[PDB]
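Source file: coords_34.pdb; contents: PDB, N, CA and C atoms.
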ATOM      1  N   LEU A   1       0.840  -1.226   0.000
ATOM      2  CA  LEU A   1       0.000   0.000   0.000
ATOM      3  C   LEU A   1       0.861   1.258   0.000
ATOM      4  N   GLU A   2       0.581   2.160  -0.935
ATOM      5  CA  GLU A   2       1.330   3.407  -1.044
ATOM      6  C   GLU A   2       0.407   4.611  -0.884
ATOM      7  N   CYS A   3       0.237   5.061   0.354
ATOM      8  CA  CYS A   3      -0.619   6.205   0.642
ATOM      9  C   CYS A   3       0.193   7.494   0.697
ATOM     10  N   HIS A   4      -0.465   8.584   1.079
ATOM     11  CA  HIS A   4       0.188   9.879   1.177
ATOM     12  C   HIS A   4       0.871  10.041   2.531
ATOM     13  N   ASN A   5       2.046  10.662   2.526
ATOM     14  CA  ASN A   5       2.798  10.878   3.757
ATOM     15  C   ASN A   5       2.774  12.349   4.161
ATOM     16  N   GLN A   6       2.776  13.231   3.165
ATOM     17  CA  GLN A   6       2.754  14.665   3.417
ATOM     18  C   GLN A   6       1.409  15.094   3.994
ATOM     19  N   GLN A   7       1.419  16.177   4.765
ATOM     20  CA  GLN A   7       0.200  16.691   5.377
ATOM     21  C   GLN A   7       0.157  18.215   5.307
ATOM     22  N   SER A   8      -1.039  18.775   5.462
ATOM     23  CA  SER A   8      -1.216  20.223   5.416
ATOM     24  C   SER A   8      -0.733  20.789   4.084
ATOM     25  N   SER A   9      -0.863  19.993   3.027
ATOM     26  CA  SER A   9      -0.441  20.414   1.696
ATOM     27  C   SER A   9      -1.490  20.044   0.652
ATOM     28  N   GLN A  10      -1.440  20.714  -0.495
ATOM     29  CA  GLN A  10      -2.386  20.455  -1.572
ATOM     30  C   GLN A  10      -1.949  19.256  -2.408
ATOM     31  N   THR A  11      -0.706  19.293  -2.882
ATOM     32  CA  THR A  11      -0.165  18.223  -3.692
ATOM     33  C   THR A  11       0.827  17.376  -2.898
ATOM     34  N   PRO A  12       0.324  16.473  -2.039
ATOM     35  CA  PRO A  12       1.176  15.602  -1.222
ATOM     36  C   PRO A  12       1.899  14.549  -2.056
ATOM     37  N   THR A  13       2.732  13.748  -1.398
ATOM     38  CA  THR A  13       3.483  12.700  -2.078
ATOM     39  C   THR A  13       3.076  11.321  -1.565
ATOM     40  N   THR A  14       3.296  10.301  -2.388
ATOM     41  CA  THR A  14       2.951   8.932  -2.018
ATOM     42  C   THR A  14       4.192   8.153  -1.593
ATOM     43  N   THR A  15       3.993   7.162  -0.729
ATOM     44  CA  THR A  15       5.094   6.338  -0.242
ATOM     45  C   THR A  15       4.580   5.015   0.315
ATOM     46  N   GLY A  16       5.225   3.921  -0.077
ATOM     47  CA  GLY A  16       4.819   2.616   0.385
ATOM     48  C   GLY A  16       5.321   2.307   1.781
ATOM     49  N   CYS A  17       4.456   1.719   2.601
ATOM     50  CA  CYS A  17       4.817   1.368   3.970
ATOM     51  C   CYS A  17       5.389  -0.045   4.038
ATOM     52  N   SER A  18       5.911  -0.413   5.204
ATOM     53  CA  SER A  18       6.490  -1.736   5.399
ATOM     54  C   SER A  18       6.109  -2.302   6.764
ATOM     55  N   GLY A  19       6.644  -3.476   7.084
ATOM     56  CA  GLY A  19       6.349  -4.103   8.359
ATOM     57  C   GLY A  19       5.103  -4.965   8.306
ATOM     58  N   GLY A  20       3.944  -4.334   8.454
ATOM     59  CA  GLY A  20       2.697  -5.057   8.422
ATOM     60  C   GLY A  20       1.496  -4.153   8.612
ATOM     61  N   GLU A  21       1.559  -2.958   8.030
ATOM     62  CA  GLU A  21       0.467  -1.998   8.140
ATOM     63  C   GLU A  21      -0.180  -1.753   6.782
ATOM     64  N   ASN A  22      -1.370  -2.313   6.587
ATOM     65  CA  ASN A  22      -2.093  -2.154   5.331
ATOM     66  C   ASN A  22      -3.253  -1.175   5.487
ATOM     67  N   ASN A  23      -3.110  -0.240   6.421
ATOM     68  CA  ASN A  23      -4.147   0.756   6.669
ATOM     69  C   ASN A  23      -3.535   2.138   6.875
ATOM     70  N   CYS A  24      -4.084   3.132   6.185
ATOM     71  CA  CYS A  24      -3.592   4.501   6.294
ATOM     72  C   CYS A  24      -4.662   5.418   6.877
ATOM     73  N   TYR A  25      -4.370   5.983   8.042
ATOM     74  CA  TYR A  25      -5.294   6.865   8.721
ATOM     75  C   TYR A  25      -5.267   8.274   8.135
ATOM     76  N   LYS A  26      -6.143   9.128   8.656
ATOM     77  CA  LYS A  26      -6.238  10.514   8.213
ATOM     78  C   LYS A  26      -6.940  11.354   9.275
ATOM     79  N   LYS A  27      -6.170  11.829  10.248
ATOM     80  CA  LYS A  27      -6.713  12.624  11.335
ATOM     81  C   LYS A  27      -6.814  14.099  10.957
ATOM     82  N   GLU A  28      -7.951  14.706  11.283
ATOM     83  CA  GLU A  28      -8.186  16.114  10.987
ATOM     84  C   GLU A  28      -8.493  16.887  12.266
ATOM     85  N   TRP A  29      -7.788  17.995  12.471
ATOM     86  CA  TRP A  29      -7.997  18.823  13.655
ATOM     87  C   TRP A  29      -8.309  20.264  13.261
ATOM     88  N   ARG A  30      -9.282  20.859  13.945
ATOM     89  CA  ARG A  30      -9.685  22.230  13.667
ATOM     90  C   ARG A  30      -9.172  23.181  14.744
ATOM     91  N   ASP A  31      -9.140  24.468  14.417
ATOM     92  CA  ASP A  31      -8.677  25.486  15.353
ATOM     93  C   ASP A  31      -9.781  26.499  15.634
ATOM     94  N   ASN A  32     -10.486  26.900  14.580
ATOM     95  CA  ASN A  32     -11.574  27.862  14.704
ATOM     96  C   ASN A  32     -12.278  28.051  13.365
ATOM     97  N   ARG A  33     -11.640  28.788  12.460
ATOM     98  CA  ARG A  33     -12.200  29.041  11.146
ATOM     99  C   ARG A  33     -11.720  28.000  10.140
ATOM    100  N   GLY A  34     -10.480  27.552  10.308
ATOM    101  CA  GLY A  34      -9.920  26.559   9.407
ATOM    102  C   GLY A  34      -9.491  25.297  10.129
ATOM    103  N   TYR A  35      -9.020  24.313   9.368
ATOM    104  CA  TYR A  35      -8.576  23.048   9.945
ATOM    105  C   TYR A  35      -7.653  22.303   8.987
ATOM    106  N   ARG A  36      -6.802  21.445   9.541
ATOM    107  CA  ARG A  36      -5.867  20.665   8.737
ATOM    108  C   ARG A  36      -6.056  19.171   8.987
ATOM    109  N   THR A  37      -5.239  18.352   8.331
ATOM    110  CA  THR A  37      -5.329  16.904   8.487
ATOM    111  C   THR A  37      -4.034  16.218   8.054
ATOM    112  N   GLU A  38      -3.637  15.189   8.798
ATOM    113  CA  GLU A  38      -2.424  14.445   8.488
ATOM    114  C   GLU A  38      -2.743  12.975   8.243
ATOM    115  N   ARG A  39      -1.937  12.331   7.406
ATOM    116  CA  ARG A  39      -2.135  10.922   7.083
ATOM    117  C   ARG A  39      -0.971  10.079   7.595
ATOM    118  N   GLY A  40      -0.928   8.820   7.167
ATOM    119  CA  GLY A  40       0.137   7.929   7.591
ATOM    120  C   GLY A  40      -0.264   6.470   7.506
ATOM    121  N   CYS A  41       0.458   5.615   8.224
ATOM    122  CA  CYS A  41       0.171   4.185   8.225
ATOM    123  C   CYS A  41      -0.126   3.692   9.638
ATOM    124  N   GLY A  42      -1.279   3.053   9.805
ATOM    125  CA  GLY A  42      -1.663   2.542  11.109
ATOM    126  C   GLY A  42      -2.956   3.152  11.613
ATOM    127  N   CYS A  43      -3.844   2.307  12.127
ATOM    128  CA  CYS A  43      -5.127   2.771  12.646
ATOM    129  C   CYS A  43      -5.176   2.652  14.167
ATOM    130  N   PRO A  44      -4.749   3.705  14.886
ATOM    131  CA  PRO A  44      -4.747   3.713  16.352
ATOM    132  C   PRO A  44      -6.158   3.747  16.931
ATOM    133  N   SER A  45      -6.312   3.209  18.137
ATOM    134  CA  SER A  45      -7.611   3.178  18.800
ATOM    135  C   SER A  45      -7.639   4.134  19.988
ATOM    136  N   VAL A  46      -7.161   5.353  19.768
ATOM    137  CA  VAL A  46      -7.129   6.364  20.813
ATOM    138  C   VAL A  46      -8.454   7.114  20.891
ATOM    139  N   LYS A  47      -8.541   8.058  21.824
ATOM    140  CA  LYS A  47      -9.753   8.847  22.002
ATOM    141  C   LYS A  47      -9.420  10.328  22.150
ATOM    142  N   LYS A  48      -9.935  11.140  21.230
ATOM    143  CA  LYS A  48      -9.692  12.578  21.258
ATOM    144  C   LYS A  48     -10.732  13.322  20.429
ATOM    145  N   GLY A  49     -10.892  14.612  20.708
ATOM    146  CA  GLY A  49     -11.856  15.414  19.979
ATOM    147  C   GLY A  49     -11.553  15.476  18.494
ATOM    148  N   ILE A  50     -10.279  15.320  18.146
ATOM    149  CA  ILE A  50      -9.857  15.360  16.750
ATOM    150  C   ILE A  50     -10.399  14.161  15.980
ATOM    151  N   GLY A  51     -10.776  14.391  14.726
ATOM    152  CA  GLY A  51     -11.306  13.320  13.902
ATOM    153  C   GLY A  51     -10.245  12.309  13.514
ATOM    154  N   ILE A  52     -10.637  11.041  13.437
ATOM    155  CA  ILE A  52      -9.710   9.976  13.075
ATOM    156  C   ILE A  52     -10.392   8.923  12.207
ATOM    157  N   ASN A  53      -9.844   8.699  11.017
ATOM    158  CA  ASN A  53     -10.394   7.717  10.092
ATOM    159  C   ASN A  53      -9.294   6.804   9.557
ATOM    160  N   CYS A  54      -9.695   5.696   8.942
ATOM    161  CA  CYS A  54      -8.740   4.743   8.390
ATOM    162  C   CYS A  54      -9.284   4.091   7.124
ATOM    163  N   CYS A  55      -8.422   3.944   6.124
ATOM    164  CA  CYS A  55      -8.812   3.333   4.858
ATOM    165  C   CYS A  55      -7.829   2.238   4.458
ATOM    166  N   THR A  56      -8.141   1.529   3.377
ATOM    167  CA  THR A  56      -7.281   0.450   2.901
ATOM    168  C   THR A  56      -7.215   0.424   1.375
ATOM    169  N   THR A  57      -6.686   1.495   0.791
ATOM    170  CA  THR A  57      -6.559   1.588  -0.660
ATOM    171  C   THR A  57      -5.449   2.563  -1.048
ATOM    172  N   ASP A  58      -5.025   2.503  -2.306
ATOM    173  CA  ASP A  58      -3.966   3.369  -2.803
ATOM    174  C   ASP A  58      -4.382   4.837  -2.749
ATOM    175  N   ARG A  59      -3.512   5.671  -2.184
ATOM    176  CA  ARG A  59      -3.781   7.103  -2.069
ATOM    177  C   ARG A  59      -5.145   7.355  -1.435
ATOM    178  N   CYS A  60      -5.546   6.463  -0.538
ATOM    179  CA  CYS A  60      -6.829   6.580   0.138
ATOM    180  C   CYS A  60      -6.869   7.809   1.045
ATOM    181  N   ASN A  61      -5.699   8.238   1.509
ATOM    182  CA  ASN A  61      -5.606   9.401   2.383
ATOM    183  C   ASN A  61      -5.104  10.619   1.615
ATOM    184  N   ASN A  62      -5.901  11.074   0.653
ATOM    185  CA  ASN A  62      -5.540  12.232  -0.157
ATOM    186  C   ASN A  62      -6.555  13.357   0.018
TER
END
What does this structure look like when you write it as structure tokens?
Amino acid sequence: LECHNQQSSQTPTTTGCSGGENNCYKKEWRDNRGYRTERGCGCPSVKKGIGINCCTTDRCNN
């Protein structure tokens, strides 16, 4: 799986993960008027006000 690694950008880049993670998350956090979001590999089961999602496809976190 080769999802996006860059965050807070319009034209991010793709990169294949290793080890054993076939899921790429995409957490989004707001401040007030605007908000950003970061991607990566791994679906954590934490708890926070910030949004957290997970997918299993190429460039799923774009």
Fill in: Of the listed residues A:57, A:46, A:40, A:51, that which approaches residue A:6 most closely, counting only N, CA and C atoms
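Comparing A:57, A:46, A:40, A:51 against residue A:6, the winner is A:40.
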Exercise for review: Please run DSSP on the backbone and report, as an MDAnalysis selection string, all residues within chain A that come out as strand (DSSP E).
Suggested key: chainID A and resid 2:4 14:16 24:30 35:39 54:55
Size and centre in Å, one decimal, axis-aligned box, all listed stretch 50-60 of chain A atoms plus 6 Å per side, as JSON:
{"center_x": -7.4, "center_y": 7.9, "center_z": 7.7, "size_x": 19.8, "size_y": 26.9, "size_z": 32.9}
Find the residues near stretch 27-35 of chain A: any atom within 8 Å, counting all atoms listed in the file, skip ones fewer than 4 places away on the same chain, and give them as a PDB file with N, CA and C atoms, in the frame of the given file.
ATOM      1  N   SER A   8      -1.039  18.775   5.462  1.00  0.00           N
ATOM      2  CA  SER A   8      -1.216  20.223   5.416  1.00  0.00           C
ATOM      3  C   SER A   8      -0.733  20.789   4.084  1.00  0.00           C
ATOM      4  N   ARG A  39      -1.937  12.331   7.406  1.00  0.00           N
ATOM      5  CA  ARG A  39      -2.135  10.922   7.083  1.00  0.00           C
ATOM      6  C   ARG A  39      -0.971  10.079   7.595  1.00  0.00           C
ATOM      7  N   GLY A  40      -0.928   8.820   7.167  1.00  0.00           N
ATOM      8  CA  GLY A  40       0.137   7.929   7.591  1.00  0.00           C
ATOM      9  C   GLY A  40      -0.264   6.470   7.506  1.00  0.00           C
ATOM     10  N   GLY A  49     -10.892  14.612  20.708  1.00  0.00           N
ATOM     11  CA  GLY A  49     -11.856  15.414  19.979  1.00  0.00           C
ATOM     12  C   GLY A  49     -11.553  15.476  18.494  1.00  0.00           C
ATOM     13  N   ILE A  50     -10.279  15.320  18.146  1.00  0.00           N
ATOM     14  CA  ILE A  50      -9.857  15.360  16.750  1.00  0.00           C
ATOM     15  C   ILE A  50     -10.399  14.161  15.980  1.00  0.00           C
ATOM     16  N   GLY A  51     -10.776  14.391  14.726  1.00  0.00           N
ATOM     17  CA  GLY A  51     -11.306  13.320  13.902  1.00  0.00           C
ATOM     18  C   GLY A  51     -10.245  12.309  13.514  1.00  0.00           C
ATOM     19  N   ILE A  52     -10.637  11.041  13.437  1.00  0.00           N
ATOM     20  CA  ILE A  52      -9.710   9.976  13.075  1.00  0.00           C
ATOM     21  C   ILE A  52     -10.392   8.923  12.207  1.00  0.00           C
ATOM     22  N   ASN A  53      -9.844   8.699  11.017  1.00  0.00           N
ATOM     23  CA  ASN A  53     -10.394   7.717  10.092  1.00  0.00           C
ATOM     24  C   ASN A  53      -9.294   6.804   9.557  1.00  0.00           C
ATOM     25  N   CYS A  54      -9.695   5.696   8.942  1.00  0.00           N
ATOM     26  CA  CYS A  54      -8.740   4.743   8.390  1.00  0.00           C
ATOM     27  C   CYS A  54      -9.284   4.091   7.124  1.00  0.00           C
TER      28      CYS A  54
END
**OP:** Using atom N of residue A:7 and atom C of residue A:48 as the two end points, give the distance in Å to one decimal.
**Re:**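 We find that atom N of residue A:7 and atom C of residue A:48 lie 20.0 Å from each other.
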Notebook entry, point to check: Which neighbours of residue A:21 fall inside 7 Å, counting all atoms listed in the file, when residues of the same chain fewer than 4 positions from it are skipped, and could you give them as JSON, numbers by chain?
Noted result: {"A": [1, 17, 41, 42]}
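Coordinates place atom C of residue A:36 at a distance of 25.8 Å from atom CA of residue A:20.
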Take stretch 34-54 of chain A, bring it up to N, CA, C and O atoms, and give me the output as a CSV table (one decimal), keeping the file's coordinate frame.
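Below you can see part33.csv, which holds the result:
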chain,number,residue,atom,x,y,z
A,34,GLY,N,-10.5,27.6,10.3
A,34,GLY,CA,-9.9,26.6,9.4
A,34,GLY,C,-9.5,25.3,10.1
A,34,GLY,O,-9.6,25.2,11.4
A,35,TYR,N,-9.0,24.3,9.4
A,35,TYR,CA,-8.6,23.0,9.9
A,35,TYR,C,-7.7,22.3,9.0
A,35,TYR,O,-7.7,22.5,7.8
A,36,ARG,N,-6.8,21.4,9.5
A,36,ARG,CA,-5.9,20.7,8.7
A,36,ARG,C,-6.1,19.2,9.0
A,36,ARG,O,-6.9,18.8,9.8
A,37,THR,N,-5.2,18.4,8.3
A,37,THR,CA,-5.3,16.9,8.5
A,37,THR,C,-4.0,16.2,8.1
A,37,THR,O,-3.4,16.6,7.1
A,38,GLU,N,-3.6,15.2,8.8
A,38,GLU,CA,-2.4,14.4,8.5
A,38,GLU,C,-2.7,13.0,8.2
A,38,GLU,O,-3.7,12.4,8.8
A,39,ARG,N,-1.9,12.3,7.4
A,39,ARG,CA,-2.1,10.9,7.1
A,39,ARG,C,-1.0,10.1,7.6
A,39,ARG,O,-0.1,10.6,8.4
A,40,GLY,N,-0.9,8.8,7.2
A,40,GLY,CA,0.1,7.9,7.6
A,40,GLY,C,-0.3,6.5,7.5
A,40,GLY,O,-1.2,6.1,6.8
A,41,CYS,N,0.5,5.6,8.2
A,41,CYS,CA,0.2,4.2,8.2
A,41,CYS,C,-0.1,3.7,9.6
A,41,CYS,O,0.7,3.9,10.6
A,42,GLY,N,-1.3,3.1,9.8
A,42,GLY,CA,-1.7,2.5,11.1
A,42,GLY,C,-3.0,3.2,11.6
A,42,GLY,O,-3.1,4.4,11.5
A,43,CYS,N,-3.8,2.3,12.1
A,43,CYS,CA,-5.1,2.8,12.6
A,43,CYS,C,-5.2,2.7,14.2
A,43,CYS,O,-5.6,1.6,14.7
A,44,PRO,N,-4.7,3.7,14.9
A,44,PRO,CA,-4.7,3.7,16.4
A,44,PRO,C,-6.2,3.7,16.9
A,44,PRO,O,-7.1,4.2,16.3
A,45,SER,N,-6.3,3.2,18.1
A,45,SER,CA,-7.6,3.2,18.8
A,45,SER,C,-7.6,4.1,20.0
A,45,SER,O,-8.1,3.8,21.1
A,46,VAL,N,-7.2,5.4,19.8
A,46,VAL,CA,-7.1,6.4,20.8
A,46,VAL,C,-8.5,7.1,20.9
A,46,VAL,O,-9.4,6.8,20.1
A,47,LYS,N,-8.5,8.1,21.8
A,47,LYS,CA,-9.8,8.8,22.0
A,47,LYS,C,-9.4,10.3,22.2
A,47,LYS,O,-8.7,10.7,23.1
A,48,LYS,N,-9.9,11.1,21.2
A,48,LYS,CA,-9.7,12.6,21.3
A,48,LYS,C,-10.7,13.3,20.4
A,48,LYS,O,-11.4,12.7,19.6
A,49,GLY,N,-10.9,14.6,20.7
A,49,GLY,CA,-11.9,15.4,20.0
A,49,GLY,C,-11.6,15.5,18.5
A,49,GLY,O,-12.5,15.7,17.7
A,50,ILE,N,-10.3,15.3,18.1
A,50,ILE,CA,-9.9,15.4,16.8
A,50,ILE,C,-10.4,14.2,16.0
A,50,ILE,O,-10.5,13.1,16.5
A,51,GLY,N,-10.8,14.4,14.7
A,51,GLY,CA,-11.3,13.3,13.9
A,51,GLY,C,-10.2,12.3,13.5
A,51,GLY,O,-9.1,12.7,13.3
A,52,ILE,N,-10.6,11.0,13.4
A,52,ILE,CA,-9.7,10.0,13.1
A,52,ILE,C,-10.4,8.9,12.2
A,52,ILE,O,-11.4,8.3,12.6
A,53,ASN,N,-9.8,8.7,11.0
A,53,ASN,CA,-10.4,7.7,10.1
A,53,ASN,C,-9.3,6.8,9.6
A,53,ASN,O,-8.1,7.1,9.7
A,54,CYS,N,-9.7,5.7,8.9
A,54,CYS,CA,-8.7,4.7,8.4
A,54,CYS,C,-9.3,4.1,7.1
A,54,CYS,O,-10.5,3.7,7.1
